[PDB]
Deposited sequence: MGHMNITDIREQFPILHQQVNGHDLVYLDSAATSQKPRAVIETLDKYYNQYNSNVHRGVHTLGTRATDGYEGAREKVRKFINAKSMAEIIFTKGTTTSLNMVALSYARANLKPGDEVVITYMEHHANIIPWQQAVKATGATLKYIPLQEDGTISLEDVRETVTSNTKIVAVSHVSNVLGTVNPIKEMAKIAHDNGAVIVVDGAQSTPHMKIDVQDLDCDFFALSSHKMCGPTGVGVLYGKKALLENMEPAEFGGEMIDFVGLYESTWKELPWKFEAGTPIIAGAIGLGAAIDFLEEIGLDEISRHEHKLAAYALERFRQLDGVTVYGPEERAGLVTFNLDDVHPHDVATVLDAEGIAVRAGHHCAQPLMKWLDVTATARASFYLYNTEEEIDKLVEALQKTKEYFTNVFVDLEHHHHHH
């Protein structure tokens, strides 16, 4: 895998910011898109037929995560919408008082609140697997937290703050043994490593196109055919209908049952081209590149005095940290001045922020186009920043 060849593909990396080269370290929020993807979306904003392309893209998505059937690949507005859908069509119809839903402390808001509302409405109860010191889950902890009263476990595959890769294959086993389905938020895993939903045996899996070189506006919700068959739709209109009566309507078959309103043609075809691209590079190749960057970043961050890093040693390609004494918003500002783009904030993980005893953090995240030289620029600029602020 050749980083020059790859970088040539992202016109945005040639952008100057304030006389410096863009150093783009916010992929966890949005990847950039290569020329192949860009050209594809340009094509679908001139004149067309289209649905060869649309269903073709569903097929590429299905093969990509190794789903058994296209009936199991639904296009949605985003991973937030995906998770809300499972909470409304699956959770609200399968929970009764006494039933438990268990999640983790590391979750995105969209993987917390929909379960909260589903539990309030059904009068069931919500439960949290506790975290280890280093921000990991242990299989012991899940084993203990899941009762044979647990109907749903929901978990991030990769944490967007800690970079922890959760043992989701094993958690699936533990959920099944207790009579539960597992719901996996794969927003942060799918861009960076092979996903095989059969081997993971997750019951639902959600991915975000804009994190994986595709357009925004488009997510995919995977669910097992059999679960999807019994779920009622969350949204109504457009093209999810078979017969519309005056009082009564019938739904289409899967997957179209779940796609109300106006098909996101360009977005899906775009996601498909993004998939074509990543596959031609190899996800394994990508993942090895990210392990190097992450080991490198964590080592060089240990050289810096009074910066805290959060999470485990083994990690996806991101590190969340704080400068002693300095506000993360301020760090982000100064790095911006130098053309270095990191994100500051709570990362829609308020619970987890409280758990780390912090109100905010900065985050640098890495993808297939980042390099060690960029990590050096980050470390040098963090140094320059610690000095610059101990001096006011």
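**Q** As a test: can you identify every run of the deposited sequence that has no C-alpha position in this structure, in order?
**A** Residues missing from the model, as numbered along the full deposited sequence, span 1 to 3, 53 to 65, 409 to 419.
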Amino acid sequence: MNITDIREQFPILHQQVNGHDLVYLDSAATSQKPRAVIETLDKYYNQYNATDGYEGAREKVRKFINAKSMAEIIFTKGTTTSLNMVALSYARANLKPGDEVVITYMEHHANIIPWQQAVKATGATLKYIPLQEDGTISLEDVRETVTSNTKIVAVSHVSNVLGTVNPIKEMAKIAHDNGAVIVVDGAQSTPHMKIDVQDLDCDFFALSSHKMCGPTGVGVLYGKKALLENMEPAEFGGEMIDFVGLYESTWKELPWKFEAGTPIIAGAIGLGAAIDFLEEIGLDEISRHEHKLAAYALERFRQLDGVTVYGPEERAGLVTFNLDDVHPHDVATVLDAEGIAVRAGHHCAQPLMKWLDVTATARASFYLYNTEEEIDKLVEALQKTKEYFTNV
From here on, numbers count along this sequence of modelled residues.
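Just so we're on the same page, rigid core means the largest C-alpha set that superposes within 1.5 Å between forms.
**Q** I'd like to know which segment deviates more from the shown structure in 8 other deposited structures of this protein: 199 to 207 or 119 to 127, using C-alpha RMS over all structures and residues after a core fit.
**A** Result of the core-fitted comparison in 8 other deposited structures of this protein: 119 to 127 deviates more.
**Q** Can you check whether 236 to 244 or 140 to 148 lies farther from the displayed model in 8 other deposited structures of this protein, averaging C-alpha distances as RMS after superposing on the core?
**A** More C-alpha displacement in 8 other deposited structures of this protein shows up in 236 to 244.
**Q** Could you check the entry and say whether 319 to 327 or 58 to 66 has the higher mean CA B-factor?
**A** Higher mean C-alpha B-factor in the PDB entry: 319 to 327.
**Q** Taking only the CA atoms, which stretch has the higher mean B-factor in the record, 243 to 251 or 268 to 276?
**A** The deposited B-factors put 243 to 251 ahead on the C-alpha mean.
**Q** Highest Cα B-factor in the deposition, which of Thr216, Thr80, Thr147, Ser159?
**A** In the PDB entry, the greatest C-alpha B-factor among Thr216, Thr80, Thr147, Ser159 is found at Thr147.
**Q** In the PDB entry, which of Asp185, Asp134, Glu72, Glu259 has its C-alpha at the highest B-factor?
**A** Out of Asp185, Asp134, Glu72, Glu259, the record gives the largest C-alpha B-factor to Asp134.
**Q** Lowest, middle or highest third of the chain for the C-alpha temperature factor of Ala349?
**A** It falls in the middle third of the chain.
**Q** Which third, lowest, middle or highest, does the C-alpha temperature factor of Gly339 belong to within its own chain?
**A** Highest third - that is where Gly339 ends up once the chain's C-alpha B-factors are sorted.
**Q** Looking at the temperature factor on the CA atom of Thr308, which third of the chain's modelled residues does it land in?
**A** Answer is highest: the recorded C-alpha B-factor places it there.
**Q** Please place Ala28 in the lowest, middle or highest third of its chain by C-alpha B factor as given in the entry.
**A** Lowest third, going by the recorded CA B-factors of the chain.
**Q** Would you mind ranking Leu88 by its C-alpha B-factor against the rest of the chain and naming the third, lowest, middle or highest?
**A** Ranked within chain, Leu88 CA B lands in the lowest tercile.
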